[PDB]
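Q: Sequence plus experimental coordinates follow:
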Amino acid sequence: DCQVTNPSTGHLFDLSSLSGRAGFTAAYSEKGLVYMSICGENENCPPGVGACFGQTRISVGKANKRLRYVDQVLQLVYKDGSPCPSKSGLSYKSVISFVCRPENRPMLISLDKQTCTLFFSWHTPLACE
């Protein structure tokens, strides 16, 4: 269960092929990484957590299957992560954006320290048309 349709074309986008507890990794810092699963928890993270830092297993967002379609982009937003070290009261959240790739792994493109939001991009043919 990982899909969404284009509101004006009826086209159905299905990312179920990327789902699974095994998940993937995104390069974080020098040699560190972030473990993440699509539309579900990751086996390398705490129960119910969809993305986490590899060194600590600390959560950067609880998994969910709420895939949204926004201006040709497919997006997932994992919220309710662990406490933000850069701002009191906030929790980590992860934004995963799928963009069409005419023709491998997600990329952490930005870490907003003021809102503790990790922005990832994933160019895949699964998001085309």
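A: Arrived safely. Residues are numbered from 1 along each chain as shown.
Q: Kindly indicate whether the residue nearest to the spatial centre of the chain is helix, strand or coil.
A: Note on the chain: the residue nearest the mean C-alpha position is residue 96, at 3.6 Å, using CA atoms, centre = their mean. Reduced to three states with DSSP: H, G, I helix; E, B strand; the rest coil, the structure at residue 96 is strand.
Q: For it, which residues count as its bridge partners?
A: residue 76, residue 120 (DSSP bridges).
Q: Just list the residues touching it, thanks.
A: Shown in contact with residue 96 (CB atoms under 8 Å, 6 or more residues apart in numbering): 36, 38, 75-78, 106, 120, 122. For every residue, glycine as well, the C-beta is placed using N, CA and C.
Q: same thing but 10 Å
A: Residue 96 makes contact with 15, 26, 36, 38-39, 50-51, 61, 67, 74-78, 106, 108, 118-122, according to CB atoms under 10 Å, 6 or more residues apart in numbering.
Q: got the buried residues for stretch 59-72?
A: Across stretch 59-72, burial judged by 16 or more other CB atoms under 10 Å covers 59-65, 67, 69.
Q: Using a markdown table, lay out those residues together with distance to residue 113.
A: What follows is the buried residues of stretch 59-72, written out as a markdown table (distance: CB to CB, whole Å):
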| residue | distance to residue 113 |
| --- | --- |
| 59 | 17 |
| 60 | 13 |
| 61 | 16 |
| 62 | 21 |
| 63 | 23 |
| 64 | 24 |
| 65 | 28 |
| 67 | 27 |
| 69 | 29 |
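Q: Filter the residues you listed down to the ones in helices?
A: Among those, no member is found in helices (DSSP state H).
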